[PDB]
>>> print(open('query-v1.pdb').read())   # PDB, C-alpha atoms (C1' of nucleotides)
ATOM      1  CA  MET A   1      16.989 -70.922  34.960  1.00  0.00           C
ATOM      2  CA  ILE A   2      13.285 -70.583  34.173  1.00  0.00           C
ATOM      3  CA  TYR A   3      11.401 -67.324  33.665  1.00  0.00           C
ATOM      4  CA  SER A   4       7.751 -66.301  33.652  1.00  0.00           C
ATOM      5  CA  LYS A   5       5.937 -63.131  32.597  1.00  0.00           C
ATOM      6  CA  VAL A   6       2.555 -61.989  33.911  1.00  0.00           C
ATOM      7  CA  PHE A   7       0.284 -59.153  32.800  1.00  0.00           C
ATOM      8  CA  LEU A   8      -1.874 -57.576  35.519  1.00  0.00           C
ATOM      9  CA  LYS A   9      -4.731 -55.084  35.198  1.00  0.00           C
ATOM     10  CA  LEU A  10      -4.952 -52.783  38.211  1.00  0.00           C
ATOM     11  CA  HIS A  11      -8.228 -51.408  39.548  1.00  0.00           C
ATOM     12  CA  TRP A  12      -7.123 -48.133  41.163  1.00  0.00           C
ATOM     13  CA  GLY A  13      -3.467 -48.471  42.186  1.00  0.00           C
ATOM     14  CA  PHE A  14      -1.121 -49.658  44.905  1.00  0.00           C
ATOM     15  CA  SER A  15      -0.099 -48.196  48.259  1.00  0.00           C
ATOM     16  CA  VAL A  16       2.981 -49.181  50.276  1.00  0.00           C
ATOM     17  CA  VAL A  17       4.144 -46.847  53.049  1.00  0.00           C
ATOM     18  CA  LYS A  18       7.821 -46.341  53.796  1.00  0.00           C
ATOM     19  CA  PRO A  19       9.111 -47.692  57.125  1.00  0.00           C
ATOM     20  CA  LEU A  20      10.035 -45.237  59.879  1.00  0.00           C
ATOM     21  CA  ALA A  21       3.890 -38.211  58.043  1.00  0.00           C
ATOM     22  CA  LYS A  22       3.308 -41.394  56.016  1.00  0.00           C
ATOM     23  CA  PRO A  23       5.074 -41.078  52.650  1.00  0.00           C
ATOM     24  CA  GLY A  24       4.747 -43.922  50.171  1.00  0.00           C
ATOM     25  CA  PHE A  25       6.838 -45.626  47.512  1.00  0.00           C
ATOM     26  CA  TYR A  26       6.648 -45.163  43.749  1.00  0.00           C
ATOM     27  CA  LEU A  27       6.928 -48.829  42.708  1.00  0.00           C
ATOM     28  CA  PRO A  28       6.352 -51.987  44.757  1.00  0.00           C
ATOM     29  CA  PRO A  29       9.395 -53.606  46.385  1.00  0.00           C
ATOM     30  CA  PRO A  30      10.479 -57.152  45.471  1.00  0.00           C
ATOM     31  CA  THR A  31       9.236 -58.339  48.873  1.00  0.00           C
ATOM     32  CA  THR A  32       5.636 -57.551  47.904  1.00  0.00           C
ATOM     33  CA  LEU A  33       6.121 -59.266  44.538  1.00  0.00           C
ATOM     34  CA  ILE A  34       7.410 -62.427  46.232  1.00  0.00           C
ATOM     35  CA  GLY A  35       4.584 -62.335  48.771  1.00  0.00           C
ATOM     36  CA  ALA A  36       1.983 -62.069  46.017  1.00  0.00           C
ATOM     37  CA  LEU A  37       3.435 -65.203  44.411  1.00  0.00           C
ATOM     38  CA  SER A  38       3.527 -67.026  47.753  1.00  0.00           C
ATOM     39  CA  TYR A  39      -0.140 -66.179  48.381  1.00  0.00           C
ATOM     40  CA  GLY A  40      -1.105 -68.860  45.852  1.00  0.00           C
ATOM     41  CA  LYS A  41       0.265 -71.682  48.018  1.00  0.00           C
ATOM     42  CA  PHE A  42      -0.005 -70.366  51.606  1.00  0.00           C
ATOM     43  CA  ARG A  43      -3.599 -69.113  51.414  1.00  0.00           C
ATOM     44  CA  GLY A  44      -5.518 -69.086  54.706  1.00  0.00           C
ATOM     45  CA  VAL A  45      -2.554 -69.067  57.113  1.00  0.00           C
ATOM     46  CA  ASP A  46      -1.046 -65.929  58.662  1.00  0.00           C
ATOM     47  CA  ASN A  47       1.606 -67.270  61.078  1.00  0.00           C
ATOM     48  CA  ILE A  48       3.955 -70.219  60.547  1.00  0.00           C
ATOM     49  CA  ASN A  49       6.597 -71.378  63.011  1.00  0.00           C
ATOM     50  CA  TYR A  50       6.649 -66.552  64.142  1.00  0.00           C
ATOM     51  CA  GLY A  51       7.533 -64.042  61.455  1.00  0.00           C
ATOM     52  CA  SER A  52       5.552 -64.679  58.239  1.00  0.00           C
ATOM     53  CA  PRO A  53       4.244 -67.417  55.926  1.00  0.00           C
ATOM     54  CA  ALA A  54       6.663 -66.067  53.312  1.00  0.00           C
ATOM     55  CA  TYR A  55      10.162 -66.777  54.692  1.00  0.00           C
ATOM     56  CA  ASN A  56      10.426 -69.755  52.314  1.00  0.00           C
ATOM     57  CA  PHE A  57      10.121 -68.035  48.908  1.00  0.00           C
ATOM     58  CA  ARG A  58      12.938 -65.617  49.762  1.00  0.00           C
ATOM     59  CA  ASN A  59      15.232 -66.779  46.945  1.00  0.00           C
ATOM     60  CA  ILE A  60      12.972 -66.131  43.933  1.00  0.00           C
ATOM     61  CA  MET A  61      14.051 -63.252  41.702  1.00  0.00           C
ATOM     62  CA  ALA A  62      11.340 -60.799  40.695  1.00  0.00           C
ATOM     63  CA  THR A  63      10.995 -57.483  38.885  1.00  0.00           C
ATOM     64  CA  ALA A  64       8.054 -55.382  37.737  1.00  0.00           C
ATOM     65  CA  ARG A  65       7.314 -52.384  35.541  1.00  0.00           C
ATOM     66  CA  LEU A  66       4.470 -50.092  34.503  1.00  0.00           C
ATOM     67  CA  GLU A  67       2.826 -49.632  31.115  1.00  0.00           C
ATOM     68  CA  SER A  68       0.510 -46.625  31.661  1.00  0.00           C
ATOM     69  CA  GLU A  69       0.415 -43.196  33.317  1.00  0.00           C
ATOM     70  CA  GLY A  70      -0.370 -42.336  36.929  1.00  0.00           C
ATOM     71  CA  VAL A  71       0.091 -39.738  39.657  1.00  0.00           C
ATOM     72  CA  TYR A  72       1.586 -40.008  43.145  1.00  0.00           C
ATOM     73  CA  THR A  73      -0.507 -38.178  45.741  1.00  0.00           C
ATOM     74  CA  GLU A  74      -0.347 -37.781  49.525  1.00  0.00           C
ATOM     75  CA  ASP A  75      -3.805 -37.294  51.031  1.00  0.00           C
ATOM     76  CA  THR A  76      -0.670 -41.766  53.345  1.00  0.00           C
ATOM     77  CA  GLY A  77       1.057 -41.854  49.978  1.00  0.00           C
ATOM     78  CA  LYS A  78      -0.801 -43.445  47.084  1.00  0.00           C
ATOM     79  CA  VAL A  79      -0.047 -44.095  43.418  1.00  0.00           C
ATOM     80  CA  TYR A  80      -3.189 -43.648  41.319  1.00  0.00           C
ATOM     81  CA  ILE A  81      -2.995 -45.512  38.005  1.00  0.00           C
ATOM     82  CA  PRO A  82      -6.564 -46.736  37.362  1.00  0.00           C
ATOM     83  CA  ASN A  83      -7.136 -49.255  34.553  1.00  0.00           C
ATOM     84  CA  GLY A  84      -3.365 -49.490  34.068  1.00  0.00           C
ATOM     85  CA  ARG A  85      -1.196 -52.455  33.148  1.00  0.00           C
ATOM     86  CA  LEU A  86       1.649 -53.990  35.149  1.00  0.00           C
ATOM     87  CA  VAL A  87       4.219 -56.437  33.766  1.00  0.00           C
ATOM     88  CA  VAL A  88       5.936 -58.724  36.280  1.00  0.00           C
ATOM     89  CA  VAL A  89       8.904 -60.992  35.514  1.00  0.00           C
ATOM     90  CA  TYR A  90       9.800 -63.925  37.778  1.00  0.00           C
ATOM     91  CA  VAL A  91      13.178 -65.632  37.322  1.00  0.00           C
ATOM     92  CA  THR A  92      14.102 -68.655  39.433  1.00  0.00           C
ATOM     93  CA  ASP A  93      15.049 -72.327  39.407  1.00  0.00           C
ATOM     94  CA  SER A  94      13.645 -73.670  42.702  1.00  0.00           C
ATOM     95  CA  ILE A  95      10.473 -75.135  41.176  1.00  0.00           C
ATOM     96  CA  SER A  96       9.630 -76.463  37.734  1.00  0.00           C
ATOM     97  CA  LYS A  97       7.644 -74.608  35.079  1.00  0.00           C
ATOM     98  CA  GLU A  98       4.317 -76.139  36.121  1.00  0.00           C
ATOM     99  CA  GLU A  99       4.424 -74.950  39.735  1.00  0.00           C
ATOM    100  CA  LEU A 100       5.529 -71.409  38.861  1.00  0.00           C
ATOM    101  CA  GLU A 101       2.848 -71.161  36.169  1.00  0.00           C
ATOM    102  CA  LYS A 102       0.189 -72.414  38.595  1.00  0.00           C
ATOM    103  CA  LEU A 103       1.252 -69.929  41.277  1.00  0.00           C
ATOM    104  CA  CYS A 104       1.409 -67.127  38.696  1.00  0.00           C
ATOM    105  CA  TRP A 105      -2.349 -67.253  38.029  1.00  0.00           C
ATOM    106  CA  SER A 106      -3.064 -66.996  41.784  1.00  0.00           C
ATOM    107  CA  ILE A 107      -2.160 -63.322  42.351  1.00  0.00           C
ATOM    108  CA  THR A 108      -4.922 -61.295  44.005  1.00  0.00           C
ATOM    109  CA  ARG A 109      -3.405 -58.043  45.290  1.00  0.00           C
ATOM    110  CA  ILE A 110      -0.178 -56.045  45.519  1.00  0.00           C
ATOM    111  CA  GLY A 111       0.298 -54.243  48.825  1.00  0.00           C
ATOM    112  CA  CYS A 112      -2.842 -53.744  50.910  1.00  0.00           C
ATOM    113  CA  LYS A 113      -6.361 -55.145  50.599  1.00  0.00           C
ATOM    114  CA  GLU A 114      -7.778 -52.405  48.364  1.00  0.00           C
ATOM    115  CA  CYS A 115      -5.081 -52.888  45.692  1.00  0.00           C
ATOM    116  CA  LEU A 116      -6.786 -55.649  43.744  1.00  0.00           C
ATOM    117  CA  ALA A 117      -5.276 -56.659  40.403  1.00  0.00           C
ATOM    118  CA  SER A 118      -6.685 -59.140  37.892  1.00  0.00           C
ATOM    119  CA  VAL A 119      -4.600 -61.431  35.670  1.00  0.00           C
ATOM    120  CA  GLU A 120      -4.790 -61.261  31.870  1.00  0.00           C
ATOM    121  CA  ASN A 121      -2.039 -63.513  30.485  1.00  0.00           C
ATOM    122  CA  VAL A 122       1.125 -65.405  31.427  1.00  0.00           C
ATOM    123  CA  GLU A 123       4.173 -66.766  29.618  1.00  0.00           C
ATOM    124  CA  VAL A 124       6.680 -69.412  30.725  1.00  0.00           C
ATOM    125  CA  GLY A 125      10.054 -70.243  29.234  1.00  0.00           C
ATOM    126  CA  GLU A 126      13.775 -70.812  29.634  1.00  0.00           C
ATOM    127  CA  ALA A 127      16.053 -67.785  29.942  1.00  0.00           C
ATOM    128  CA  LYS A 128      19.605 -67.161  28.744  1.00  0.00           C
ATOM    129  CA  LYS A 129      22.409 -65.350  30.570  1.00  0.00           C
ATOM    130  CA  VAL A 130      24.471 -62.580  28.952  1.00  0.00           C
ATOM    131  CA  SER A 131      26.823 -59.810  30.045  1.00  0.00           C
ATOM    132  CA  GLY A 132      27.049 -57.447  27.061  1.00  0.00           C
ATOM    133  CA  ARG A 133      25.667 -53.932  26.909  1.00  0.00           C
ATOM    134  CA  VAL A 134      21.866 -54.078  27.127  1.00  0.00           C
ATOM    135  CA  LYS A 135      18.853 -51.774  27.371  1.00  0.00           C
ATOM    136  CA  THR A 136      16.348 -52.358  30.167  1.00  0.00           C
ATOM    137  CA  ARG A 137      13.235 -50.843  31.715  1.00  0.00           C
ATOM    138  CA  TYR A 138      13.102 -52.765  35.011  1.00  0.00           C
ATOM    139  CA  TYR A 139      14.684 -51.222  38.087  1.00  0.00           C
ATOM    140  CA  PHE A 140      17.990 -52.626  39.331  1.00  0.00           C
ATOM    141  CA  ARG A 141      20.524 -52.221  42.133  1.00  0.00           C
ATOM    142  CA  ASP A 142      22.658 -49.180  42.907  1.00  0.00           C
ATOM    143  CA  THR A 143      26.052 -50.796  42.269  1.00  0.00           C
ATOM    144  CA  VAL A 144      25.215 -51.343  38.585  1.00  0.00           C
ATOM    145  CA  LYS A 145      27.061 -48.881  36.363  1.00  0.00           C
ATOM    146  CA  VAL A 146      25.448 -46.665  33.722  1.00  0.00           C
ATOM    147  CA  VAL A 147      26.710 -45.560  30.306  1.00  0.00           C
ATOM    148  CA  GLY A 148      23.842 -43.365  29.101  1.00  0.00           C
ATOM    149  CA  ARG A 149      22.797 -39.883  30.204  1.00  0.00           C
ATOM    150  CA  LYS A 150      21.679 -39.586  33.824  1.00  0.00           C
ATOM    151  CA  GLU A 151      18.300 -37.910  33.278  1.00  0.00           C
ATOM    152  CA  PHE A 152      15.492 -40.234  34.466  1.00  0.00           C
ATOM    153  CA  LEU A 153      17.036 -41.915  37.518  1.00  0.00           C
ATOM    154  CA  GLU A 154      15.704 -41.859  41.081  1.00  0.00           C
ATOM    155  CA  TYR A 155      17.074 -43.356  44.297  1.00  0.00           C
ATOM    156  CA  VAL A 156      14.969 -45.437  46.698  1.00  0.00           C
ATOM    157  CA  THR A 157      15.660 -47.597  49.747  1.00  0.00           C
ATOM    158  CA  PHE A 158      14.323 -51.160  49.975  1.00  0.00           C
ATOM    159  CA  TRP A 159      14.799 -53.995  52.456  1.00  0.00           C
ATOM    160  CA  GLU A 160      15.986 -57.588  52.302  1.00  0.00           C
ATOM    161  CA  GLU A 161      13.933 -60.618  53.332  1.00  0.00           C
ATOM    162  CA  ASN A 162      15.239 -60.334  56.911  1.00  0.00           C
ATOM    163  CA  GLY A 163      12.366 -57.916  57.526  1.00  0.00           C
ATOM    164  CA  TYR A 164       9.815 -60.701  57.039  1.00  0.00           C
ATOM    165  CA  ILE A 165       9.855 -61.290  60.824  1.00  0.00           C
ATOM    166  CA  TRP A 166       7.899 -59.016  63.152  1.00  0.00           C
ATOM    167  CA  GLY A 167       9.671 -56.841  65.698  1.00  0.00           C
ATOM    168  CA  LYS A 168      12.720 -56.527  63.450  1.00  0.00           C
ATOM    169  CA  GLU A 169      13.813 -54.109  60.728  1.00  0.00           C
ATOM    170  CA  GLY A 170      15.276 -55.322  57.455  1.00  0.00           C
ATOM    171  CA  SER A 171      18.630 -54.301  56.067  1.00  0.00           C
ATOM    172  CA  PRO A 172      18.727 -51.120  53.949  1.00  0.00           C
ATOM    173  CA  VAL A 173      19.577 -51.593  50.258  1.00  0.00           C
ATOM    174  CA  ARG A 174      19.727 -48.796  47.694  1.00  0.00           C
ATOM    175  CA  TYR A 175      17.886 -49.135  44.389  1.00  0.00           C
ATOM    176  CA  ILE A 176      17.764 -47.102  41.173  1.00  0.00           C
ATOM    177  CA  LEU A 177      14.452 -46.500  39.398  1.00  0.00           C
ATOM    178  CA  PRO A 178      14.228 -45.357  35.729  1.00  0.00           C
ATOM    179  CA  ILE A 179      11.057 -43.351  36.340  1.00  0.00           C
ATOM    180  CA  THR A 180       9.732 -39.880  35.551  1.00  0.00           C
ATOM    181  CA  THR A 181       8.317 -38.263  38.680  1.00  0.00           C
ATOM    182  CA  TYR A 182       5.369 -36.425  37.116  1.00  0.00           C
ATOM    183  CA  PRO A 183       3.472 -37.797  35.277  1.00  0.00           C
ATOM    184  CA  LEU A 184       4.377 -41.365  36.253  1.00  0.00           C
ATOM    185  CA  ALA A 185       5.888 -43.402  33.412  1.00  0.00           C
ATOM    186  CA  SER A 186       8.726 -45.775  32.536  1.00  0.00           C
ATOM    187  CA  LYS A 187      11.760 -45.084  30.341  1.00  0.00           C
ATOM    188  CA  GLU A 188      14.558 -47.196  28.887  1.00  0.00           C
ATOM    189  CA  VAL A 189      18.097 -47.076  30.287  1.00  0.00           C
ATOM    190  CA  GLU A 190      21.233 -48.668  28.822  1.00  0.00           C
ATOM    191  CA  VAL A 191      23.470 -50.559  31.258  1.00  0.00           C
ATOM    192  CA  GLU A 192      26.526 -52.790  30.954  1.00  0.00           C
ATOM    193  CA  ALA A 193      26.120 -54.938  34.102  1.00  0.00           C
ATOM    194  CA  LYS A 194      27.532 -58.439  34.665  1.00  0.00           C
ATOM    195  CA  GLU A 195      24.455 -60.702  34.756  1.00  0.00           C
ATOM    196  CA  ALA A 196      21.424 -60.139  32.535  1.00  0.00           C
ATOM    197  CA  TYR A 197      18.737 -62.661  31.618  1.00  0.00           C
ATOM    198  CA  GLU A 198      17.033 -62.406  28.229  1.00  0.00           C
ATOM    199  CA  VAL A 199      13.335 -63.055  28.844  1.00  0.00           C
ATOM    200  CA  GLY A 200      12.074 -62.128  25.386  1.00  0.00           C
ATOM    201  CA  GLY A 201      14.127 -59.140  24.285  1.00  0.00           C
ATOM    202  CA  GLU A 202      13.421 -57.076  27.400  1.00  0.00           C
ATOM    203  CA  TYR A 203      16.637 -57.904  29.226  1.00  0.00           C
ATOM    204  CA  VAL A 204      16.318 -58.061  33.017  1.00  0.00           C
ATOM    205  CA  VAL A 205      19.299 -56.789  35.014  1.00  0.00           C
ATOM    206  CA  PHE A 206      20.166 -58.169  38.449  1.00  0.00           C
ATOM    207  CA  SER A 207      23.849 -57.334  39.084  1.00  0.00           C
TER     208      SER A 207
ATOM    209  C1'   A B   1      -1.943 -63.401  53.106  1.00  0.00           C
ATOM    210  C1'   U B   2       2.963 -58.654  50.829  1.00  0.00           C
ATOM    211  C1'   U B   3       5.682 -52.126  56.162  1.00  0.00           C
ATOM    212  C1'   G B   4       1.151 -56.316  55.288  1.00  0.00           C
ATOM    213  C1'   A B   5      -2.594 -56.993  59.504  1.00  0.00           C
ATOM    214  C1'   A B   6      -6.913 -53.752  62.893  1.00  0.00           C
ATOM    215  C1'   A B   7     -10.466 -47.960  61.633  1.00  0.00           C
ATOM    216  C1'   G B   8     -16.860 -43.565  58.525  1.00  0.00           C
ATOM    217  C1'   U B   9     -14.516 -36.754  59.310  1.00  0.00           C
ATOM    218  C1'   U B  10     -19.902 -38.310  61.675  1.00  0.00           C
ATOM    219  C1'   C B  11     -23.637 -35.504  63.922  1.00  0.00           C
ATOM    220  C1'   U B  12     -27.261 -30.038  63.753  1.00  0.00           C
ATOM    221  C1'   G B  13     -28.963 -25.297  59.572  1.00  0.00           C
ATOM    222  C1'   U B  14     -35.185 -21.726  54.474  1.00  0.00           C
ATOM    223  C1'   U B  15     -31.679 -16.474  50.657  1.00  0.00           C
ATOM    224  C1'   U B  16     -36.758 -15.078  53.693  1.00  0.00           C
ATOM    225  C1'   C B  17     -39.177 -10.594  53.547  1.00  0.00           C
ATOM    226  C1'   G B  18     -41.821  -5.970  48.950  1.00  0.00           C
ATOM    227  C1'   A B  19     -42.626  -3.506  43.826  1.00  0.00           C
ATOM    228  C1'   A B  20     -48.560  -2.170  37.848  1.00  0.00           C
ATOM    229  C1'   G B  21     -43.854  -1.537  31.211  1.00  0.00           C
ATOM    230  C1'   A B  22     -47.975   3.044  32.314  1.00  0.00           C
ATOM    231  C1'   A B  23     -49.573   6.848  29.688  1.00  0.00           C
ATOM    232  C1'   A B  24     -50.862   9.316  24.040  1.00  0.00           C
ATOM    233  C1'   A B  25     -52.127   7.247  18.002  1.00  0.00           C
ATOM    234  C1'   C B  26     -57.367   6.061  11.693  1.00  0.00           C
ATOM    235  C1'   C B  27     -54.462   2.173   6.707  1.00  0.00           C
ATOM    236  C1'   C B  28     -57.450   6.640   4.507  1.00  0.00           C
ATOM    237  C1'   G B  29     -57.645   9.280  -0.013  1.00  0.00           C
ATOM    238  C1'   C B  30     -59.728   7.993  -6.668  1.00  0.00           C
ATOM    239  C1'   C B  31     -61.708   3.441  -9.977  1.00  0.00           C
ATOM    240  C1'   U B  32     -68.208   0.182 -13.685  1.00  0.00           C
ATOM    241  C1'   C B  33     -66.559  -6.213 -16.125  1.00  0.00           C
ATOM    242  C1'   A B  34     -67.802  -3.436 -20.246  1.00  0.00           C
ATOM    243  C1'   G B  35     -69.556  -3.807 -24.956  1.00  0.00           C
ATOM    244  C1'   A B  36     -72.505  -8.710 -30.003  1.00  0.00           C
ATOM    245  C1'   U B  37     -75.641 -13.066 -30.404  1.00  0.00           C
ATOM    246  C1'   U B  38     -83.517 -15.833 -32.536  1.00  0.00           C
ATOM    247  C1'   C B  39     -84.148 -22.602 -29.974  1.00  0.00           C
ATOM    248  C1'   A B  40     -86.855 -22.281 -35.906  1.00  0.00           C
ATOM    249  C1'   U B  41     -87.514 -25.316 -40.053  1.00  0.00           C
ATOM    250  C1'   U B  42     -91.073 -30.844 -40.449  1.00  0.00           C
ATOM    251  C1'   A B  43     -95.681 -33.804 -37.446  1.00  0.00           C
ATOM    252  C1'   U B  44    -104.364 -34.888 -38.621  1.00  0.00           C
TER     253        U B  44
END
>>> encode(input="query-v1.pdb", output="structure tokens")
Amino acid sequence: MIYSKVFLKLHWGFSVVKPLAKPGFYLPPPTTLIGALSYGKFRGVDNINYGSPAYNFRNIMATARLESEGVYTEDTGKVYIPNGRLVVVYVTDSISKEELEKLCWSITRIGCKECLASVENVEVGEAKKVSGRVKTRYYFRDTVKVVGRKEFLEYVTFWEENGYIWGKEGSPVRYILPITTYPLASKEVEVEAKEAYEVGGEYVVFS
RNA sequence: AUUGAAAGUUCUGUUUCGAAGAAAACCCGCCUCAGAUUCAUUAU
């Protein structure tokens, strides 16, 4: 199981609108993170035999977190965090280290066209699996238990990869975000969980 | 190539017209630079 870390510098922020008034999300879903990675190999093509040129990277695990302060504003929901930093962790085993590292440098935007994001540095390595009590900052699933004080937790709804095809709605999956609503920031939460990969001290929780 | 893809809330407008900081008023009334000093002794 290989892991990779990437540091992104945002220009003005990201904007993803909720499916089904056009409110937006607080943090990008894993689908956008996988699509950004897939952009490095499928550049120039928009329809493959027809739902998306991204129904092939569906089994790559990804998480992301903030490192600065921002504000969520509806004026079409947007998340303004200019000059901020984003840390993205990719965990997978489908491809070797070289291919993941090459695709990691080829990220251009997160969400829509205006949400450009440069790349500052990357790291590649081998991860280890643990199950003891850990502290994490990345968001995880709803079914994961919590031992600490419930004070900085929010509930969101994301979709599986089934939504990659047009004319079809993805399955609804609940997610828990360790985020402060105003101002926008990230906080640490202690979880027990069953599977956690150590990617450099900042344990990533998946189930 | 990501609930992503496709879009300007943009077009037309004077804070403008007028009204003296003006009139009267002394820096003027007394004071001294004052007393002492050889250019002469020698040259057809």
>>> atom_distance(input="query-v1.pdb", atom1="CA of residue 48 (chain A)", atom2="CA of residue 174 (chain A)")
29.5 Å
>>> interface_residues(input="query-v1.pdb", of="chain B", to="chain A", cutoff="6 Å", atoms="all atoms listed in the file", output="ChimeraX atom specification")
/B:1-3
>>> atom_distance(input="query-v1.pdb", atom1="CA of residue 5 (chain A)", atom2="CA of residue 70 (chain A)")
22.2 Å
>>> closest_residue(input="query-v1.pdb", among="A:91, A:205, A:117, A:6", to="residue 136 (chain A)", atoms="all atoms listed in the file")
A:205
>>> atom_distance(input="query-v1.pdb", atom1="CA of residue 25 (chain A)", atom2="CA of residue 127 (chain A)")
29.7 Å
>>> resolve_selection(input="query-v1.pdb", expression="the PyMOL selection byres ((chain A and resi 192-202) around 9)", output="number ranges by chain")
A: 3-5, 89, 91, 125-138, 144-147, 190-191, 203-207
>>> resolve_selection(input="query-v1.pdb", expression="the PyMOL selection byres ((chain A and resi 187) around 12)", output="VMD selection string")
chain A and resid 65 to 69 135 to 139 150 to 154 177 to 181 184 to 186 188 to 190
>>> closest_residue(input="query-v1.pdb", among="A:71, A:115, A:124, A:165", to="residue 96 (chain A)", atoms="all atoms listed in the file")
A:124
>>> axis_aligned_box(input="query-v1.pdb", around="region 128-147 of chain A", padding_each_side="3 Å", output="lines of an AutoDock Vina configuration file")
center_x = 20.1
center_y = -56.4
center_z = 34.9
size_x = 20.0
size_y = 27.6
size_z = 22.0
>>> closest_residue(input="query-v1.pdb", among="A:64, A:94, A:15, A:120", to="residue 4 (chain B)", atoms="only C-alpha atoms (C1' of nucleotides)")
A:15
>>> closest_residue(input="query-v1.pdb", among="A:160, A:74, A:98, A:142", to="residue 21 (chain A)", atoms="only C-alpha atoms")
A:74
>>> decode(input="query-v1.pdb", residues="region 132-170 of chain A", atoms="C-alpha atoms", output="PDB file, in the first residue's frame")
ATOM      1  CA  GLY A 132      -5.141   1.514  17.789  1.00  0.00           C
ATOM      2  CA  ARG A 133      -6.510   4.799  19.063  1.00  0.00           C
ATOM      3  CA  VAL A 134      -5.260   7.619  16.827  1.00  0.00           C
ATOM      4  CA  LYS A 135      -5.677  11.363  16.321  1.00  0.00           C
ATOM      5  CA  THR A 136      -6.571  12.633  12.854  1.00  0.00           C
ATOM      6  CA  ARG A 137      -7.490  15.822  11.017  1.00  0.00           C
ATOM      7  CA  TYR A 138      -8.842  14.369   7.756  1.00  0.00           C
ATOM      8  CA  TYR A 139     -12.569  13.787   7.425  1.00  0.00           C
ATOM      9  CA  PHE A 140     -13.876  10.221   7.605  1.00  0.00           C
ATOM     10  CA  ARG A 141     -17.095   8.220   7.341  1.00  0.00           C
ATOM     11  CA  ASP A 142     -20.127   8.394   9.617  1.00  0.00           C
ATOM     12  CA  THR A 143     -19.932   4.829  10.954  1.00  0.00           C
ATOM     13  CA  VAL A 144     -16.567   5.525  12.616  1.00  0.00           C
ATOM     14  CA  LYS A 145     -16.924   5.878  16.378  1.00  0.00           C
ATOM     15  CA  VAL A 146     -15.617   8.794  18.447  1.00  0.00           C
ATOM     16  CA  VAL A 147     -14.113   8.875  21.942  1.00  0.00           C
ATOM     17  CA  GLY A 148     -13.432  12.593  22.398  1.00  0.00           C
ATOM     18  CA  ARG A 149     -15.844  15.464  23.014  1.00  0.00           C
ATOM     19  CA  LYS A 150     -18.335  16.127  20.222  1.00  0.00           C
ATOM     20  CA  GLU A 151     -17.680  19.845  19.697  1.00  0.00           C
ATOM     21  CA  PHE A 152     -16.286  20.430  16.174  1.00  0.00           C
ATOM     22  CA  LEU A 153     -18.177  17.860  14.091  1.00  0.00           C
ATOM     23  CA  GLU A 154     -20.417  18.545  11.093  1.00  0.00           C
ATOM     24  CA  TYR A 155     -22.474  16.206   8.910  1.00  0.00           C
ATOM     25  CA  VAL A 156     -22.373  16.272   5.100  1.00  0.00           C
ATOM     26  CA  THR A 157     -23.695  14.061   2.307  1.00  0.00           C
ATOM     27  CA  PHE A 158     -21.403  12.837  -0.482  1.00  0.00           C
ATOM     28  CA  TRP A 159     -21.845  10.429  -3.386  1.00  0.00           C
ATOM     29  CA  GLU A 160     -20.134   7.278  -4.605  1.00  0.00           C
ATOM     30  CA  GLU A 161     -18.491   6.857  -8.008  1.00  0.00           C
ATOM     31  CA  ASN A 162     -21.795   5.644  -9.494  1.00  0.00           C
ATOM     32  CA  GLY A 163     -22.604   9.312 -10.106  1.00  0.00           C
ATOM     33  CA  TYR A 164     -19.785   9.589 -12.651  1.00  0.00           C
ATOM     34  CA  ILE A 165     -22.310   8.786 -15.418  1.00  0.00           C
ATOM     35  CA  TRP A 166     -24.645  11.473 -16.738  1.00  0.00           C
ATOM     36  CA  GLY A 167     -28.396  11.196 -16.279  1.00  0.00           C
ATOM     37  CA  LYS A 168     -27.952   9.278 -13.027  1.00  0.00           C
ATOM     38  CA  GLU A 169     -27.646  10.238  -9.363  1.00  0.00           C
ATOM     39  CA  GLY A 170     -25.023   8.697  -7.111  1.00  0.00           C
TER      40      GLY A 170
END
